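# Understanding the architecture of this molecule
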Amino acid sequence: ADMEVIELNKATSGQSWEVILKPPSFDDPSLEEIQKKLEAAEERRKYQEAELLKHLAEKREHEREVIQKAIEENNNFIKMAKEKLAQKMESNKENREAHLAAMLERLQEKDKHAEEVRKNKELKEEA
Amino acid sequence: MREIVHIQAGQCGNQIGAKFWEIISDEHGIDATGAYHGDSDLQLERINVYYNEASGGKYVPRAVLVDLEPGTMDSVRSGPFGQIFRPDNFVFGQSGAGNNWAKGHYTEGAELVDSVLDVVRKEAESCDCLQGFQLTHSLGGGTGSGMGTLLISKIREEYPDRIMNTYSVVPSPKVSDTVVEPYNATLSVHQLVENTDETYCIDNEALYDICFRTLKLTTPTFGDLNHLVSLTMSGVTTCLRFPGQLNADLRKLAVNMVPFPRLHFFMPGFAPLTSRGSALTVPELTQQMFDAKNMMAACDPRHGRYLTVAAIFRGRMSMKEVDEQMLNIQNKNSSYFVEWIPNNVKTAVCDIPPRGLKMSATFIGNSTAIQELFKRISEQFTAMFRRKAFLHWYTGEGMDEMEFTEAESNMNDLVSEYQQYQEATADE
Amino acid sequence: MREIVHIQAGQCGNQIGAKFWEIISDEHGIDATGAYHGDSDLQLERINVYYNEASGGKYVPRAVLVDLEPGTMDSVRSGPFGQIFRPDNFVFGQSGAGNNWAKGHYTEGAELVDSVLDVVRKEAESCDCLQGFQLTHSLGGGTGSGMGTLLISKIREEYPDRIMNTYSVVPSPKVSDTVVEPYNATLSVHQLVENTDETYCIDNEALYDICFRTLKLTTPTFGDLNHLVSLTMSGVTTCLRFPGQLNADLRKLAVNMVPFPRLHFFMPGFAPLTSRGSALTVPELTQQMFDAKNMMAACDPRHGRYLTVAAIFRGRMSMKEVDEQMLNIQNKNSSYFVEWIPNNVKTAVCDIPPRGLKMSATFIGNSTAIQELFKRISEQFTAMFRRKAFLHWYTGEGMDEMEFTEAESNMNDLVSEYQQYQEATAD
Amino acid sequence: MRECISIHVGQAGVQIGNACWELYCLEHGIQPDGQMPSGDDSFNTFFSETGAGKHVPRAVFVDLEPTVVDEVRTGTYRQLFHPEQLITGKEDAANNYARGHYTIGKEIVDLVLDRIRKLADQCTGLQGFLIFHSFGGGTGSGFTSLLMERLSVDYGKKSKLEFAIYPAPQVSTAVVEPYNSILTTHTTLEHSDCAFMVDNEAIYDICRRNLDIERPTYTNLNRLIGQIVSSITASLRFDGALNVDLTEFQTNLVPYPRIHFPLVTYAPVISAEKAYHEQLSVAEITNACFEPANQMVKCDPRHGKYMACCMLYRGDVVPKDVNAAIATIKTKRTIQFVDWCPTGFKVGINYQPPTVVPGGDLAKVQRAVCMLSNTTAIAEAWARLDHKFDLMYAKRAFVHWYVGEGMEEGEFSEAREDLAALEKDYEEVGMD
Amino acid sequence: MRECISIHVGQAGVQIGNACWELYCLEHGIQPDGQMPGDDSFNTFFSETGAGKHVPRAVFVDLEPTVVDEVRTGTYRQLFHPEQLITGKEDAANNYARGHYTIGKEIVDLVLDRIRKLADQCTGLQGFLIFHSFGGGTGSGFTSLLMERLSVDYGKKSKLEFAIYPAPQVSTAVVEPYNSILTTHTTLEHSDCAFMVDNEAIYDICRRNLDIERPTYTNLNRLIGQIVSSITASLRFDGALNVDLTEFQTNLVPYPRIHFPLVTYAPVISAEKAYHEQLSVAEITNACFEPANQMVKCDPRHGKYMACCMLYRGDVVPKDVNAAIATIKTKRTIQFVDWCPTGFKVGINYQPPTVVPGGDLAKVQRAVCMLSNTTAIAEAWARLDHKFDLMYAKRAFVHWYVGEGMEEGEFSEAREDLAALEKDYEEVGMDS
Ligand SMILES: Nc1nc2c(ncn2[C@@H]2O[C@H](COP(=O)(O)OP(=O)(O)OP(=O)(O)O)[C@@H](O)[C@H]2O)c(=O)[nH]1
Ligand SMILES: Nc1nc2c(ncn2[C@@H]2O[C@H](COP(=O)(O)OP(=O)(O)OP(=O)(O)O)[C@@H](O)[C@H]2O)c(=O)[nH]1
Ligand SMILES: Nc1nc2c(ncn2[C@@H]2O[C@H](COP(=O)(O)OP(=O)(O)OP(=O)(O)O)[C@@H](O)[C@H]2O)c(=O)[nH]1
Ligand SMILES: Nc1nc2c(ncn2[C@@H]2O[C@H](COP(=O)(O)OP(=O)(O)OP(=O)(O)O)[C@@H](O)[C@H]2O)c(=O)[nH]1
Ligand SMILES: [Mg+2]
Ligand SMILES: [Mg+2]
Ligand SMILES: [Mg+2]
Ligand SMILES: [Mg+2]
């Protein structure tokens with residue numbers, strides 16, 4: 001039964017009041033701050049994107065280094081094959097000529113001896 | 001977040017990509033000539049996510065078709081929906097990649113990479129609001145793996161703010177083409193860890209097993225394998241091409257699915273499992289989420305813990321029943337979800353079922369069990385690398401042995417990371 | 001490797017040389033006037049190896065006929081096929097060599113050697129692709145032995161890159177009683193060891209024995225001995241004259257037959273053994289490879305080991321049967337082939353049989369048993385040299401005793417070398 | 001004149017605005033073309049008038065993506081709004097607060113303020129702003145907090161009242177919603193004067209239970225939200241007597257600046273398809289006010305203490321029956337108030353009857369009530385949200401998405417520490 | 001595009017080339033005059049003149065003119081231009097030293113000049129296919145010299161061989177093991193892949209499977225041509241699965257020196273019989289692991305596979321191939337090394353194996369050619385090495401090589417290198 005009703009307002013489409021059952025037991029930012037925070041965030045977002053592109057540029061450079069390595073290795077293989085073969089063809093030419101020069105030296109000496117035999121036959125004959 | 005630019009690279013990438021285009025065209029009511037002849041407004045509401053509207057009522061796939069060899073391009077052009085593609089978007093070399101990642105990434109792939117960028121740039125500049133890129137490729141060959149990963153990093157350079165998504169076909173000795181597959185796959189995983197946002201792991205080991213064990217096909221062919229891949233890709237993209245609230249775009253999907261940057265490798269799931277020549281209730285479909293038999297990656301979901309899962313239900317079914325069954329599947333299987341990622345399973349229901357089915361379910365899982373797939377590749381890799389077998393074909397291309405040790409280390413680190421979070425408890 | 005230049009020196013060389021030319025002319029369908037009247041294309045396919053094509057359709061033997069005496073040359077000109085030869089190619093002196101190697105090699109032979117080189121140079125320069133030279137001569141006389149060996153060294157000096165091949169008739173006391181034959185033969189062997197690539201050893205000891213023992217000719221003449229030589233020479237040159245894969249040229253034959261430079265002395269074999277007035281089966285023919293009775297050098301093939309063998313079968317026979325029988329003959333007789341030269345027996349089959357026969361077999365053997373022939377010459381030589389008998393015949397011509405000691409040493413070394421490889425094991 | 005500008009941010013804010021403005025049109029007799037065939041002139045606080053005699057909402061609809069606002073631009077009410085007040089960007093905030101606040105929001109913020117300034121220019125006595133947004137979305141969270149900050153700079157002492165959608169798993173769109181909620185609450189705490197929170201789960205369950213709707217859609221939820229928003233704003237749009245101006249909301253419900261989160265309760269929520277039932281009495285609808293099943297936010301007022309209670313009656317309601325209803329409730333229930341506040345209620349009766357969208361799920365009732373009570377029990381909603389934040393943040397799960405947009409990890413620590421201080425404040429205020 | 005230049009060296013290389021080019025003409029519908037009345041892949045092996053005639057991308061070389069003169073006067077004398085049929089006057093007399101130095105040096109530049117002119121007409125040259133015997137003076141010596149000069153003029157451009165391994169049944173020379181070891185030593189570093197063909201294996205298959213009493217080179221080369229055509233069908237046609245020069249190398253060669261695949265072919269049916277019926281895909285696949293069908297005599301049970309490439313042709317379906325390979329995977333008798341996870345490269349062409357009309361081989365519906373890297377092929381090197389040692393220990397025939405300018409040290413170097421290769425096959429067959 002103890003309920004204090006207090007009228008507040010009454011208008012065209014309304015009415016208001018307070019009902020009290022018991023009394024109580026115990027009686028700014030700035031645009032600059034905002035802009036500083038948003039620009040700091042944009043710089044971090046741009047920095048990580050820029051570092052990504054720097055690393056992707058490092059992978060493009062590696063791609064070029066492997067292609068250059070492949071081309072240098074093919075050219076070095078050609079260089080080694082060329083001088084190995086030139087050495088082999090020239091050693092063989094020296095050897096074949098040396099073998100055939102030695103066999104013609106033998107034949108030449110035998111023909112010098114033949115004229116020496118002819119010389120002795122001539123002095124045995126006549127005299 | 002509107003347009004997606006699709007790229008398909010190499011034999012595998014072009015084969016699964018052509019199959020993707022033929023399934024989603026049928027679903028959207030688009031014929032082989034690009035003409036729309038459907039009977040629903042939902043079919044055209046988000047048609048622009050994958051198709052460009054050309055001169056007079058026709059729709060053309062926003063697809064770039066890539067290969068270092070022409071044969072694959074010819075077979076696609078001749079195929080069922082071959083004429084739907086933009087002729088200028090077929091980019092191909094003549095040399096081939098010789099099933100060598102080093103040739104695709106550094107030598108012949110590098111010579112053709114600019115021709116591809118020019119075609120994808122033309123497609124991207126035409127976009128009112130580009131979401132990003134979707135690449136289908138194999139990790140076992142030369143072009144899809146080597147050139148596909150080279151393209152990702154060149155596109156990363158020009159479009160660093162766009163989403164990079166891949167459908168990556170993992171090799172298996174069960175359906176193998178080349179002896180060096182573990183090298184090509186490891187060198188590609190290393191690239192995907194660093195440069196993609198979302199990678200769907202399409203394992204040939206799991207697809208072969210589904211065909212052989214479940215579909216009872218004694219001798220499965222790539223057509224049998226690719227029928228599962230086409231149903232799976234139709235299911236994972238449902239959110240992107242039909243009206244809906246959840247994971248409607250590539251970035252929203254990534255934010256919901258990837259808690260840690262390197263852990264972006266998804267294990268796709270699908271029910272019902274069908275063969276090419278021909279039921280299923282809501283509780284039956286929800287159960288297949290923990291069924292290794294329904295997984296497209298050769299991992300057991302009960303072997304790990306799900307970090308995040310997206311479940312897509314299609315066809316005429318009760319949303320109330322789907323909601324009840326999805327709550328029950330998470331509560332009953334609490335031990336297979338990480339406790340420190342609350343409400344990590346998001347469900348979506350679409351009234352349009354995939355081509356040929358009346359009801360379906362597709363699960364995009366980010367599970368720590370995917371480490372089994374990476375461990376399998378790592379063990380096949382070390383078996384060859386220990387003996388330096390076939391290494392002259394990579395070093396002959398200008399590669400150093402160091403890139404192999406680095407690719408292997410990064411992959412073992414990724415396995416170690418999945419294991420770390422599998423064991424991670426809420427009580428630190 | 002197309003043309004061969006043939007040289008025949010002395011009485012023996014000209015006699016066996018004329019017989020070679022008449023057998024191969026008959027086989028190739030060429031008449032005494034040089035005209036071809038054959039029927040087969042195989043007859044003319046390699047006709048250029050031995051014949052030049054002259055004005056009109058005539059074929060002329062690429063042969064130089066040499067002698068220090070005119071008689072044998074007259075005999076050849078008069079003989080069967082005498083007119084086939086190029087008249088300018090008959091080079092002869094008047095003096096003779098008096099069965100003295102020193103006269104042929106150093107005195108009379110040296111005076112006529114340039115006239116011969118003039119004619120062989122004209123033949124050799126006409127060649128599109130010269131294989132080399134083929135010489136028929138005796139080792140026991142003066143011209144064939146002395147001048148023939150002088151010619152080899154002079155021709156070698158001008159053509160050091162060509163093959164030098166000889167058909168060398170070894171003396172025997174059975175046929176020829178001219179006492180110094182062991183000296184003339186030893187001085188020639190010494191020259192052949194150093195300057196020829198291949199020498200076919202045609203032994204008069206073996207030829208006499210075949211005629212006497214097998215052909216039952218009580219008194220064989222050079223005509224009877226030379227009928228065997230003509231059949232043997234037709235057989236050994238089969239590969240050079242007819243289309244074929246194996247030993248088709250002089251260098252390919254040498255590379256297949258000679259493992260060591262000095263060991264280039266071949267023991268020719270032939271079956272069937274026929275008289276001048278006379279068909280075996282394939283197994284019968286293959287057996288004769290180890291039959292001393294069928295060897296043209298007086299050695300027993302079972303006494304040594306074959307370093308290399310070329311077996312030539314001629315006539316209408318099964319190549320399959322020849323292959324089966326040749327495998328059986330080396331498997332059954334494994335102990336007579338050196339183990340350290342794998343697959344050292346090469347077989348060839350030609351559809352054209354020799355003149356007068358329907359089927360034949362010819363064996364070119366490089367056997368260590370040939371040391372028996374050299375030992376026989378060496379013993380005959382030392383028997384005379386020990387006493388210095390007839391030495392003034394050679395020293396009178398300007399020779400030193402030292403050339404004799406050197407020729408003897410070289411020949412004993414050659415015997416010692418055949419023995420060394422006969423005993424050589426694979427170990 | 002006491003004008004109020006409504007700002008609808010993101011999908012939730014815009015879709016709730018659709019329901020609100022449709023209902024205000026029904027309540028004031030305004031047709032979808034802005035015409036009204038004309039009670040009182042108080043509706044002018046929410047509607048300006050053009051030279052052509054058409055009534056235009058004093059509202060701005062903002063989204064970083066155009067799909068949702070495009071439905072408003074092409075829908076039944078496309079003539080009610082002028083296109084300059086429907087603002088959209090091209091790319092959304094991808095459910096990321098950092099993306100909506102620091103990256104995308106930053107480029108459209110000036111345009112929105114410019115349009116707000118043009119609406120404020122037409123006001124003779126601008127009271128302040130009513131901002132509708134979700135806690136969970138990248139735009140509802142990030143863009144709203146950025147907008148609150150600039151509104152404090154441009155409109156110093158102007159009142160800012162929020163209607164905020166508290167995330168619920170049943171209709172949740174993102175895993176990171178607890179991050180966005182704590183981040184936006186931290187940045188907005190100092191710039192808001194009063195925020196009426198609405199838990200999607202509470203309204204989802206009221207739709208299922210009271211309206212027999214199997215799987216409630218946003219259409220169903222927003223129709224219900226709209227009834228509650230209409231009940232709250234009724235005394236600004238009609239010549240009412242309680243909460244007649246925006247400043248009165250802070251005076252009557254907010255004793256301390258940070259504790260500005262009243263709990264909303266509404267009754268009766270009756271199904272339209274219900275078999276012709278007898279009307280609920282004043283006592284019946286008042287009793288329902290004190291039942292947790294009728295609350296907008298899930299929390300237990302038995303576990304807390306009231307610091308203010310406002311009863312907003314509507315329709316066929318007599319003060320005699322209200323006083324009798326309140327007398328019985330004090331008799332039977334506890335109604336514990338904090339020791340420094342008197343135990344009591346401020347009662348308001350708005351004679352304008354409860355209006356429902358024809359063809360909707362709600363039945364037209366003769367009388368209804370909306371209670372706004374500032375209770376310490378609402379800290380249970382913050383505790384739920386804070387715990388989910390901690391679970392993910394301990395592992396830095398999904399944090400890379402925010403850091404990648406330019407945000408620092410320190411902002412997560414600052415935001416969470418601020419909501420930990422807020423939890424302690426509710427505890428301190430409820431002590432005796 | 002993707003051109004391949006064929007180099008045929010010596011009698012064996014030229015005579016095998018005769019069989020191959022006759023068969024390619026039959027397979028592509030090219031008449032002997034070069035005319036052909038659409039795949040177009042044949043353009044990798046045939047260039048086209050302004051007059052529409054198709055000319056092989058091939059050089060035929062011999063140091064003697066006899067063999068090449070048969071091509072110059074034969075049925076296909078109009079197919080090749082006379083500048084691509086190169087011959088000297090004097091042959092190498094079965095001497096490697098003459099082929100490589102004395103005789104080869106006089107014609108080497110001319111050959112390179114003609115290859116350069118064929119290379120000029122190539123827009124995408126894959127590499128070279130060199131056909132030669134190991135035994136002949138030209139096949140061994142000239143090929144070695146040519147391999148060396150091609151590495152200088154074309155660097156690392158792919159160089160693949162088809163090499164005739166010597167057999168006593170058809171052998172022409174005693175020194176063939178010397179010529180084989182010397183050419184292998186010189187060639188090891190310049191070749192990328194060498195497909196060896198043992199004459200005894202081809203000889204025995206002709207006797208057994210084709211009922212030919214005494215097989216001639218005509219019979220052997222017809223069969224060899226069939227195998228070469230199978231290896232090049234993937235390059236000259238576009239079927240279900242293709243394999244280029246690079247794909248052969250990558251799959252079959254794990255280490256640079258280990259580049260000797262074993263070739264197997266099935267079915268080999270006599271043009272007689274008729275009652276042979278048609279062999280299934282499984283039947284022809286099984287036959288490839290039978291030693292009776294191998295091109296080199298060796299026992300694969302005594303070794304381990306590191307790679308297997310299956311080249312199918314004709315009425316073959318991928319489903320049928322996979323089933324056949326699956327049964328092969330389960331074969332205990334077929335052992336692979338532990339460091340090779342997968343050793344199967346499959347290629348399928350729709351064009352059945354065409355046969356020369358009047359030939360010894362029957363017209364089959366389907367056929368297969370397997371290329372396998374087995375450590376068992378070291379048995380062929382051991383046979384060859386032993387024969388070399390027997391002769392070299394006594395310096396038998398060595399004077400023939402030394403006389404041409406060669407040094408004895410080259411024989412020691414060559415043999416030591418092949419001894420290292422034997423050790424390499426032993427090491428590679430070991431488990432890890
Ligand atoms: N599921 C499936 N896997 C395929 C298909 N084609 C190939 N693969 C797999 O992909 C891997 C080979 O990669 P590919 O894409 O074919 O190679 P590539 O890029 O064409 O390389 P090149 O031939 O050098 O141009 C293997 O592990 C195959 O099992 C296909 O159509 N479907
Ligand atoms: N088989 C055979 N041996 C012959 C023939 N004529 C001679 N001989 C042998 O040759 C040796 C004698 O040599 P000749 O050729 O006659 O003498 P030369 O070479 O002409 O020398 P000179 O008579 O001095 O001018 C002896 O061993 C004879 O047995 C022949 O026609 N056939
Ligand atoms: N009650 C209600 N909640 C909604 C509505 N639309 C979205 N939500 C909730 O809002 C949260 C998602 O935030 P949204 O407002 O859709 O996103 P946004 O503000 O547009 O931000 P972005 O799309 O990320 O740029 C989830 O808790 C949803 O359940 C709606 O119409 N009504
Ligand atoms: N399969 C086959 N082997 C052959 C053929 N011709 C020769 N041979 C083999 O090749 C080897 C001999 O080498 P060839 O090629 O004839 O000689 P070449 O290369 O012409 O050298 P030279 O004639 O010495 O200059 C032996 O093993 C023969 O069996 C042929 O047509 N087919
Ligand atoms: Mg391909
Ligand atoms: Mg005389
Ligand atoms: Mg939105
Ligand atoms: Mg030859």
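As named in the PDB entry, chain E is Tubulin alpha-1 chain, taken from Drosophila melanogaster. Regarding chain E, the UniProt comment filed under Catalytic activity reads as follows: "GTP + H2O = GDP + phosphate + H(+)".

Where the PDB entry is consulted, chain D appears under the name Tubulin alpha-1 chain, with the organism given as Drosophila melanogaster. As stated in UniProt under Catalytic activity, the record for chain D gives "GTP + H2O = GDP + phosphate + H(+)". On record in UniProt, under Sequence similarities, the comment for chain D is "Belongs to the tubulin family."

Before going further, it helps to examine the domain arrangement of chain E. All names here are of chain E. You can read the domains of chain E as domain 1 (1–261), domain 2 (262–376) and domain 3 (377–432). Placing a centre on the C-alpha atoms of domain 1 and another on those of domain 2 gives a separation of 23 Å. With 45 residues of domain 1 in contact, the opposing surface of domain 2 contributes 38 residues. Between domain 1 and domain 2 lies a buried interface of about 3,600 Å² when both sides are counted; carbon and sulfur atoms form 64% of it. Where domain 1 touches domain 2, the interface holds 4 salt bridges. Our count for the contact surface shared by domain 1 and domain 2 stands at 12 residue pairs in polar contact. Every element with two or more residues in the side of domain 1 that touches domain 2 is listed here: α1 (10–28), β8 (193–198), α7 (199–208), α8 (217–236) and α9 (245–252). Here the element with the most residues in the side of domain 1 that touches domain 2 is α8; it accounts for 10 residues. The residue makeup of the side of domain 1 that touches domain 2, split by class, is 25 nonpolar, 10 polar and 10 charged.

Near ligand 1 lie 21 residues; those nearest to it are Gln-11, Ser-138, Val-175, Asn-204 and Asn-226 of chain B. More than one chain approaches ligand 1, the contributing ones being chains B and E. Within the backbone of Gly-141 of chain B, an N or O atom sits 3.3 Å from an oxygen atom of ligand 1. Between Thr-143 of chain B and ligand 1, the recorded distance is 3.1 Å, taken from a side-chain N or O atom to an oxygen atom. Bound to the protein, ligand 1 loses 93% of the 660 Å² it would expose on its own. Elements represented by at least two residues in the shell around ligand 1 include exactly α1 (10–27), α6 (143–158) and α9 (222–236) of chain B. Looking at which element gives the most residues to the shell around ligand 1, the answer is α1 of chain B, with 4 residues.

What follows concerns the interface of chain A and chain D. Facing the 33 residues of chain A at the interface are 42 residues of chain D. Of the roughly 3,200 Å² buried between chain A and chain D, counting both surfaces, carbon and sulfur atoms make up 60%. Here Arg-44 of chain A makes a salt bridge to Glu-408 of chain D, at a shortest N to O gap of 3.4 Å. Across the contact surface, chain A and chain D share 20 residue pairs in polar contact. Put simply, the parts of the chain that give the side of chain A that touches chain D at least two residues each are β1 (4–11), β2 (14–22) and α1 (31–124) of chain A. Element by element, the count of residues in the side of chain A that touches chain D is highest for α1 of chain A, at 10 residues. Its residues placed into classes, the side of chain A that touches chain D shows 16 nonpolar, 9 polar and 8 charged.

Scoring rules and cut-offs
- Residues numbered from 1 in each chain as written, not as in the entry; some residues may be left out.
- Chains lettered and ligands numbered in written order.
- Heavy atoms only, no water.
- Residues with missing side-chain atoms left out of burial classes, pairs and counts.
- UniProt positions renumbered as here; feature names shortened; annotations may be inferred.
- Domains from an automatic or database assignment.
- Contact = heavy atoms within 4.5 Å.
- Buried area = accessible area lost by both parts, 1.4 Å probe.
- Salt bridge = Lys/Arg side-chain N within 4 Å of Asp/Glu carboxyl O.
- Polar contact = N/O pair within 3.5 Å; in protein donor to acceptor, adjacent residues only side chain to side chain.
- Helix = DSSP H or I, 4+ residues; strand = E, 2+ residues; numbered from the N terminus.
- Nonpolar A, V, L, I, M, F, W, Y, C, P; charged D, E, K, R; others polar.
- Near = heavy atom within 4 Å.
- Areas by Shrake-Rupley, 256 points an atom, 1.4 Å probe, with all protein chains shown as cover.

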